[PDB]
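Asks: Pasting a structure here, questions to come.
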Amino acid sequence: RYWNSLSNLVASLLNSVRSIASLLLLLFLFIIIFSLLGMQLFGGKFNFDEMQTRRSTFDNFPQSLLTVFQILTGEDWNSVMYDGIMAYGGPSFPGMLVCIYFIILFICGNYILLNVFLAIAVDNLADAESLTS
Amino acid sequence: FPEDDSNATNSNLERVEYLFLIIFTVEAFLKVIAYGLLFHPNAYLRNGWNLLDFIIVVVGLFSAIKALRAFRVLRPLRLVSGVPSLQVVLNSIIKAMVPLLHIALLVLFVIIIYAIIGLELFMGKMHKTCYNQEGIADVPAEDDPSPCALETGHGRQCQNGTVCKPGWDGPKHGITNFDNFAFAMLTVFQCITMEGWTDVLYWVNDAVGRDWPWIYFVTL
Amino acid sequence: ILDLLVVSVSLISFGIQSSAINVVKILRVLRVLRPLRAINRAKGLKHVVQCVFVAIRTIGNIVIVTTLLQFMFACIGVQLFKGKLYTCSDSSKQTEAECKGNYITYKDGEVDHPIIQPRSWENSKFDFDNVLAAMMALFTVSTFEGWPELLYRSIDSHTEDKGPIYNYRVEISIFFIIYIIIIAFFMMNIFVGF
Amino acid sequence: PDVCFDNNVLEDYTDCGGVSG
Amino acid sequence: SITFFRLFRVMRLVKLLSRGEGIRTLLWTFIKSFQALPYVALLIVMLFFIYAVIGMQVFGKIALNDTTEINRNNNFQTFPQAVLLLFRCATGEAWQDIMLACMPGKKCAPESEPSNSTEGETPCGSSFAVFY
Amino acid sequence: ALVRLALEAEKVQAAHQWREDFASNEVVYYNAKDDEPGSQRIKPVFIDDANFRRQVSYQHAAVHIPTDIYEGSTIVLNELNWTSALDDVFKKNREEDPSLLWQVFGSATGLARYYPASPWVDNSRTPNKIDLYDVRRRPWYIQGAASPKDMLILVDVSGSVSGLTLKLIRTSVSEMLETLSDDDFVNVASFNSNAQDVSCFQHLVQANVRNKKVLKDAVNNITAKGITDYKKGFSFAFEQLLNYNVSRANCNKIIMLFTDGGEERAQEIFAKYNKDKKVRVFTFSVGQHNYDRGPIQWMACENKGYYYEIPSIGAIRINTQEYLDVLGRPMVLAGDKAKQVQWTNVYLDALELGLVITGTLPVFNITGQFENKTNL
Ligand SMILES: CCCCCCCCCCCCCCCCC(=O)OC[C@H](COP(=O)(O)OCCN)OC(=O)CCCCCCCCCCC
Ligand SMILES: CCCCCCCCCCCC(=O)OC[C@@H](COP(=O)(O)OCCN)OC(=O)CCCCCCCCCCC
Ligand SMILES: CC(C)CCC[C@@H](C)[C@H]1CC[C@H]2[C@@H]3CC=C4C[C@@H](O)CC[C@]4(C)[C@H]3CC[C@]12C
Ligand SMILES: NCC1(CC(=O)O)CCCCC1
Ligand SMILES: [Ca+2]
Ligand SMILES: [Ca+2]
Ligand SMILES: [Ca+2]
Ligand code: NA
């Protein structure tokens, strides 16, 4: 920290965190709700194949949270969707609607994540305007 | 648990479910008696009333003798209603989401058009495998061989005793294919999010060739 | 640089066998910058290249502090997973001194199909031992590519030179989560700066 | 057969498979 | 063997886009943003061109193989295939596996001048490939 | 011949110094099923003999080491080092009676040293010709490693076991049944909130080929459903072991539980049906899961039993034949009066010799016998 070209920026970051703790807790609550819904809806139905236990399941609560976080990050959600579809039998009229869940989990929550980035913009609006003093 | 198990801990939670239900029911009854003809306009009050009548119905059905317990997952949302200075955040989020209707509609039109294009271009050309003797392929079978040695020159069945054998369920588990309409739309949605579209492109290339589908995929 | 192209045109045959093959034929790719130099007078250089250079210069401290946090997290991960990420083929052996033979694997299952394969002691692809390493691993994690595999590989590691358990030390995963959030807090920040 | 060997009182049997790991 | 004309039919649905008003002007003004677009597009395609050329120069000696991230549909010698590989890497499709597939010890096909692989050393070293 | 071999083996093993310096000094031996540091191989002459219908040599004893056992470990090296003294007594035995057939010592470490030396068996090197031979599972070894038993396999078929673990349980039960013989009696039960037999027997049976086939076919058709209840299952298992109205063996009443995990110890059932620890309880935790394994180990340790883990198909072969070490403690403690030669059933020799019967005599470990130090 021998330079002080980020002091106002660091203070703005701290104040922004203290202000958007509400957004962070709302995102955490959304993740908790969707994790509980996934655990209740799927649960221990991901053992149809007698080959190897899949790591991404909905058995426990921390495991459900990890799976929901992985889906929210967008990394390899198609495999989880395929497993969920195959849990309810296979590709058919009653056994395919469950994927709707995944779709919501990939859109609405992701939108929320994007809105978080928006707050950062306002934070930098508090820095550039403070540049001219 | 997989098939109706317990470890003496779930039973206690089921028992305390009755206590929670009774507390919520008496709270709702006292609130509606106090308000009278005023419990209706507020949306969160109606949501809570719906939750309580639904849990009453499901507990009665359980006592008569399953998935309706998923509605219990809607209970934590009421917490957001309980704490102030948080609903304003949701209102602001909704207001910010409002002017995205045009973009959402344009995305919907584009995905519908691409689904129709995929349906027209591909109907059932992804149901063949290099079966060896009887419906079984030595390879993991996810490959899409040539349509029985036709104009398309990809996925040649030249593995010393492999035939097209058009009797396959399809790639993956018959889920990612352009037959029907829901399957095609789901595949287009999967490709438009930039997750696993390369595998779909490779499967289509093995099915029909590498001189056509790439334009469709890159445009999408 | 055109002079260098001349040495690429001439048939160079020196004592080194790789003469005019890869030492200089990879430096001759600088032929697309000549149109840029020619059109440097107005055209698409008066403000295109200038704006890019100004933008890349104006970021600075954000990139350097992101790199510093990357180094700190790499050091923390090295102190956490220094040699734990190792395994053998059959997964039934723990020390490296005992996995030096052959073992039976039953294809995919269903028994009655034995397959004899040698035992090998292997690291977890993305190494975490040295601080010079374990930074590309965190870079891959921050790009949201293959990070679940590393997460489930590093969750169940223990001791120093032993194989994994099924779900030993589940809580350590939170570490990764924190890192991801921090990276997000900068990845969305940089865009904002632009 | 008639000869059976079991339940000797001098057996240690303190080494099960659980408490030792 | 010719079915390109039927694809015209669905194009009639594009007429429905003209019915809207806000969407129409939004797309009209966004497509009108082609003033500074050509220069940035030329810069991006130049970067893709140079990277594809240098990659096909260093990551030559193609190895036709399966389950190794380098297959018939994923090659590194033909220019369109190299551009497709770079596009896939930019989109973020298991690029780290592609990087691991290019390591000093990587046996590669004898399709090049060493038709019998009479060299001892695998012609796919690329010691700096990670950086690339 | 058997008595002399056993005496010499015990005497040689008693006076042996443990070591780990096999790099400098190597053990020289001829290995079968062949064609590393610390081992030297021997090239025999392999003359042709009329008694054995193959080629044998009368100058050294061949050694068979199973595939999963690496011949470079220190335990195997010590085994070869101290067993290299049996060749002289083998030669003396064959000199006494030239009509002698195979002589063999099967170790508890996996390797079997037999005389005369002859290459192992192979059938045209077909892909389905992997050598899965293990001397510790041969009936002539099991019949001398312990005494007849009254095993009752108790299988968990609750809903929480469906999937890979149920298949592992079925395979483990089949492999466990493969270890029994005609002198042993067995029955298979299951429990999920209710304990019942798995087949038509309803009580202990002589466990011959037909009965074992019936039990295997019945256990390969079970499904997982319902809650778990260890108390009823253990009550059923103890009740079926107190019949005495049928033919039995009355030698080793053991209960072999196959489950995954739980939180129930059921102290009342054990304090009700065996206060005097007359019934051993062996416990198996099968599959990869996250359930508690504490009460399972407590059940294994309170009763004079053992606890095992079977996480994959690879461990089924070894983790189902280890209960014969626990059942052999009273025989070792009895000692001298347990040195009786036993003759087994009629079976086909694995080295293509026809129909043979094998004599059997166990060998005890007597290191530090004159000082009474370890006894563990
Ligand atoms: C089968 C029926 C399908 C029906 C679908 C109906 C959809 C209606 C709304 C359209 C939403 C389409 C979204 C397409 C963009 C997804 C995307 O592009 O995903 C890859 C990209 C790579 O980035 P990367 O760093 O590599 O990894 C991730 C690190 N975050 O991730 C992102 O940018 C996420 C952007 C999501 C924006 C969605 C906003 C919707 C608002 C409308 C609500 C009314
Ligand atoms: C707030 C969300 C509302 C909760 C939804 C609850 C409604 C009822 C759903 C379950 C319906 C039911 O009675 O359950 C039948 C099961 C059991 O039979 P299977 O499990 O198929 O048998 C295995 C064979 N080996 O499934 C089916 O039949 C089809 C279920 C279709 C509805 C699910 C759609 C998901 C909703 C997405 C919400 C976001
Ligand atoms: C043979 C294998 C184990 C590699 C050889 C040893 C490795 C682990 C050692 C040898 C020299 C070490 C480097 C020596 C100096 C520095 C400078 C320091 O500011 C950052 C770490 C860094 C860059 C070290 C990283 C670890 C390193 C590369
Ligand atoms: N009779 C025992 C054999 C085969 C068997 O185990 O049945 C092994 C040792 C050497 C002789 C043959
Ligand atoms: Ca993505
Ligand atoms: Ca991806
Ligand atoms: Ca259970
Ligand atoms: Na007998």
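Swiss-Prot numbering applies to chain E: residues 1372-1503, in that order.
Header lists the method as electron microscopy, 3.1 Å.
Using the three backbone atoms N, Cα and C, a Cβ is placed for every residue, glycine included.
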Asks: Would you mind checking which of E:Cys1473, E:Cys1495 shares a disulfide with E:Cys1479 in Swiss-Prot?
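Replies: Among E:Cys1473, E:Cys1495, the record in Swiss-Prot lists E:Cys1495 as the disulfide partner of E:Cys1479.
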Asks: Looking only at residues six or more beyond either end of the intramembrane segment (E:1453-1471), which have a C-beta under 8 A from one in the stretch?
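Replies: Here the qualifying positions are 1419, 1422-1424, 1426-1427, 1440-1441, 1445-1447, 1500-1501.
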Asks: For the topological domain 'Cytoplasmic' (E:1392-1409), how many residues does DSSP put in helix, in strand and in coil?
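Replies: In the topological domain 'Cytoplasmic' (E:1392-1409), the DSSP-based counts are 12 helix, 0 strand, 6 coil.
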Asks: Do me a favour and check the Cα-Cα span between E:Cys1479 (disulfide bond) and E:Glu1464 (site 'Calcium ion selectivity and permeability'); whole Å is fine.
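Replies: Approximately 23 Å lies between the Cα of E:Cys1479 (disulfide bond) and that of E:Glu1464 (site 'Calcium ion selectivity and permeability').
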Asks: If you check the recorded positions E:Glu1464, E:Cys1479, E:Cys1495 one by one, which have a CB less than 6 Å away from any atom of ligand 1?
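Replies: Within range of ligand 1: none.
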Asks: Which of the listed disulfide-bonded residues (E:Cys1479, E:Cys1495) has the least company, meaning the fewest other Cβ atoms within 10 Å of its Cβ?
Replies: E:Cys1479
Asks: Measure the Cβ-based neighbour count of E:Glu1464 (site 'Calcium ion selectivity and permeability'), defined as the other Cβ atoms within 10 Å of its Cβ.
Replies: 19
Asks: To the nearest whole angstrom, what is the C-alpha distance linking E:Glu1464 (site 'Calcium ion selectivity and permeability') and E:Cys1495 (disulfide bond)?
Replies: 22
Asks: What does DSSP assign E:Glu1464 (site 'Calcium ion selectivity and permeability'), in three states?
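Replies: In three-state terms, E:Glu1464 (site 'Calcium ion selectivity and permeability') counts as coil.
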Asks: Hey, which of our recorded positions E:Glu1464, E:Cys1479, E:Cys1495 end up with a Cβ under 8 Å from chain B?
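Replies: Listed in sequence order, the recorded positions near chain B are E:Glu1464.
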